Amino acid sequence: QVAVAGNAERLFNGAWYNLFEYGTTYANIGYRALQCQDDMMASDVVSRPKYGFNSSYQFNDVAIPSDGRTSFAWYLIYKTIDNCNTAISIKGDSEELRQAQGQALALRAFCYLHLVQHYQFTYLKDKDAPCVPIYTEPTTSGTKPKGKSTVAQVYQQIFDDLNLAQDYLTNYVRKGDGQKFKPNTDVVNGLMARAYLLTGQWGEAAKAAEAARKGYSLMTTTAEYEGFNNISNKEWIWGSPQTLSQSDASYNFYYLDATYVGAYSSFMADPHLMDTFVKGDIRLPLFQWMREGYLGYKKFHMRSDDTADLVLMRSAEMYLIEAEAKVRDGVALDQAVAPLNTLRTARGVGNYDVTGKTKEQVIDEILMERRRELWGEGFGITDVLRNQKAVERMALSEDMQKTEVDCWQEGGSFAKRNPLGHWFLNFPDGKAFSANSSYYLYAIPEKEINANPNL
């Protein structure tokens, strides 16, 4: 019977449940804490010191091999991979099984995309460098630990899985916005887009991205943009739905939601990033001086039931991939920015003028747009690594620090404060921020190292 497809479907939903809901502590609940980690440890978030990710901001967690987050991150992703491996191993012959396994393959490719980017420097720095062990068979009592595969071997596995997922999800149609956590053809093209971009296949990168955003539009108003907590949103190609009964991951919104009363609200924005927004941009009104003097950015909000759906892929990202890829591929600059300009118009900003500009300059501008647009969605340190840049933090000027700003408080009341920006301006070792630093990579955890004689 078709109960076999039900089994593969069970394991995928199990893999999905694990990735988002599994938590060792309150600062380490699911994949969203890793997205929190990856932005806080980068350039655009200013830590309002609080339980959770103050450590991330000070480069005091994921590079430490015996640290708690370090262990959490590793086992959560490999736990997810093993459930996927089990689904993919099921023998059978139906449309529903192949779709379920297609989803499993897409999630496995996503997990290995996480792994290759977090545990070794970027493909285009050194593609044959050791990375992480690759497991594709389900883990049993006879399974031995494996040595590291190369960065190029993990991307190969990623591509193999994404190519078989495309094939298996050809006829799959999502039955509603609540099913937008299930990978579909759009998601496979999105992940391919990311993968091509990471391996420097610029032409393919642009092609995949454009195809990935099929059917999706772009939000055009401030009111639509504020909240980032609903899977029905038209830009969302992929996310996880959160509900009263299954909402552990939403605890992460106690960190992200700037205006939540009595929570952490520890993800403040770098004022220097706000200074790069053009007046009239629909995102600008979301900035708000608040609390102790920090610049809030009211992008994320808990809903009334104290939950929020979890975004994983938007059409705005797909537009930005296309712009970068096209410029890097040598497409004439005026054609290359067409996708960039589609995003800017949607956000209320006029076209980007490429007259006089080098490719470098236009790429620089696309990367600044990524930081503006994807703020808080978990792309920070992977973009830093991908482009072989350093983290970039600068304190407000002393003239700016001497200023006073009207600051919102938890009552709706306002009081004057002195503005606060970046405060952790170099590495803990006293050295200035630099490219391809080991502070940027997650460490393989002690527990793995001790148990696996191949590392």
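All residue numbers refer to positions in the sequence shown, first residue = 1.
Q: Which wins on mean Cα temperature factor, 269 to 277 or 365 to 373?
A: Higher of the two, by average CA B-factor, is 269 to 277.
Q: Quick one: higher average CA temperature factor, 167 to 175 or 338 to 346?
A: The stretch with the larger mean CA B-factor is 167 to 175.
Q: Could you tell me which one of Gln120, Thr199, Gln157, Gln246 shows the highest CA temperature factor in the PDB record?
A: Highest C-alpha B-factor among the listed residues goes to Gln246.
Q: With respect to the C-alpha temperature factors reported in the PDB entry, which of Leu97, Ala109, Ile237, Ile381 ranks highest?
A: The C-alpha B-factor peaks, among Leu97, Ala109, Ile237, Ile381, at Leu97.
Q: Tell me, lowest, middle or highest third: where does the Cα B factor of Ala193 rank within its chain?
A: Its C-alpha B-factor belongs to the lowest third of this chain's values.
Q: Looking at the temperature factor on the CA atom of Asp39, which third of the chain's modelled residues does it land in?
A: Lowest third - that is where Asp39 ends up once the chain's C-alpha B-factors are sorted.
Q: Which third, lowest, middle or highest, does the C-alpha temperature factor of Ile88 belong to within its own chain?
A: It belongs to the highest third of the chain when residues are ordered by C-alpha B-factor.
Q: Comparing against every modelled residue in the chain, figure out the third that the C-alpha B-factor of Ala435 lands in (lowest, middle or highest).
A: Ranked within chain, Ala435 CA B lands in the middle tercile.
Q: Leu19: which third of its chain by C-alpha temperature factor?
A: Middle third.
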